[PDB]
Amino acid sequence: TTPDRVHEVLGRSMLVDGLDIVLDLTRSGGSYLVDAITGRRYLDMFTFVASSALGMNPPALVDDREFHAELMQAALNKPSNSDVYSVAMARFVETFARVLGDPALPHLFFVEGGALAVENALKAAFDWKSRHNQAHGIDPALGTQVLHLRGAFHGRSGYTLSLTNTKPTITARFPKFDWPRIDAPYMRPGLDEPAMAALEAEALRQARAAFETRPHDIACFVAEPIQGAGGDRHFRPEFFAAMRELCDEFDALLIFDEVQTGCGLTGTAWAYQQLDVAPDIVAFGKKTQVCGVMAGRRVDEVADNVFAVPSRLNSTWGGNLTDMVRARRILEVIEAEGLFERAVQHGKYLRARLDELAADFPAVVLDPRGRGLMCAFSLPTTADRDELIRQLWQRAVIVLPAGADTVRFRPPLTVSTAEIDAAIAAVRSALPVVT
C-alpha cells in the first residue's frame, strides 16, 4: 500500500484520530518530520509525545555501520529477556547504570510500557509495605493504598487508572480503588514565598490527614516531579522535601514518575536530581525506549522485597531487546556529546523567548514556565489554545496541548537555537490571528 492510502486502510480496522500526515521513515531527520504524502517538512516540538530523545534518524545512529549490525541482529527476533540473557542485553544494562544510574538505587527492572513501569513501582511499594508491617507486628493485609496528586497522569492500566485524574474520558466507567488523593500545590503566576508556603501547607495538611486516618495502609506516595499532561504544573523543591520527610515519618516509600520528565529533558538525567529529594523508587519510560524502575533507598530495608525474591515481578519479554539496543546507542550519544548540558543551555534560551512573548502579548501568553527543554505557556481560554494549535499546524509546527489551556514544547535534546526561533516565529505569526 501507498502513502495516500494509509488512512483509508487503517480506518477499516481502527479509530483513526491521529495526525493528518503519513510519516516518511527514511526522510524525516533531526527536528523535522516529513509528510510522505506532500513532501512537506514539519518542525517537531512533539517528539512522539516526548518519547524521542534525539529526533528522527539521528546521524550518530544512521551512519554507524557496526550499530546497524547490532540493531539488525536484535530486531530479527524478540527473545524473552526475563529468562534468556544476551550480550546485547548486558551492554544496554551496564550503559544504563553508567549514564542514568543513581548509586542509591542499584535495582533495575525492565518492562514494555510506561504505565506498567509505574505499576511495577507500585507493586514494589505494596510488597515492601506489607512485609515491613509484618516485621513490626502490624497486620500484613495492611499496606494497599497509594497517596497521589490531583492532575496526576500515571498511565491507563489497572492500577494507574486509580491515580490518573486529568480528562474524565481517560478514567470514566473503569473500576477504581478508592485511594487518597491530595491537591497539587504547583506554582502559579503572582504568588510569592508566603502564599506558596501557605498553599503547600494545605497539601501537607491533607497528606498527613490521609496518613493518620488510614493507619499503616498507605504503601507509598507517587508524583510526577513536574506534572506533564496535567498542564506542565511545576512544584517547589520545598514541597517534595516536606513530602519526603513525611513519607519517612509514616513508613511509606516516595516514588517519582519520571516517564515524561526523564532522560535529560529537564537538563539532568532526572528531574529529581534538581529538586534535591531522594526517591525510593523511580519509574522511567518514553525517551528510554524500554521502560522500568530503579529502586533502592528504603526498599533494601526489607530483605525479601520484590527485587530479591524470584517471580514477584515479571512479564513475558522483560522489555523489547530492539528498544534496549537502540536505547543503549542513544545513551552513548547523550553521554559522548554532553546533551544534558546542551538541554540546560537551550532550555534557558527557549524559556527566555517565551518571556519575550509574554511581554509582547501580556493578556494572551500566560505563565511562561519551564525547566530545561520542558516548557509551556498558557492561553486565556481553551478555545484560544485549540486555535493556536491549528494555526501552528498550518504553519507546519507540531506542539502538544495539555489540560484546559496549555501549549507544551517537547523538542529533541538536539534542538538548535535556530529551530527554537522558527517555533517562536510561528507562534508570533499565529497569535494576532487567535486574539
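Position 1 is the first residue in the sequence shown; the rest follow in order.
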* Asked: On average, are the C-alpha B-factors higher in 162 to 170 or in 315 to 323?
  -> 162 to 170
* Comparing 48 to 56 with 373 to 381, which has the greater mean CA B-factor as deposited? -> 373 to 381
* Structure fact -> Looking only at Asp232, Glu193, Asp251, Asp257, the Cα with the top B-factor belongs to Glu193
* Structure fact -> Top Cα B-factor in this entry, restricted to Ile330, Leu339, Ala283, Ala90, sits on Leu339
* To do: Would you mind ranking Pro310 by its C-alpha B-factor against the rest of the chain and naming the third, lowest, middle or highest?
  => middle
* **Assigned third (lowest, middle, highest) for the C-alpha B factor of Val399** => middle
* Asked: Sorting the chain's CA B-factors, does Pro180 end up in the lowest, middle or highest third?
  -> middle
* Structure fact -> Of the three thirds of Cα B-factor ranks in this chain, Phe361 occupies the highest
* **Modelled-residue ranking by C-alpha temperature factor, third containing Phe126** => lowest
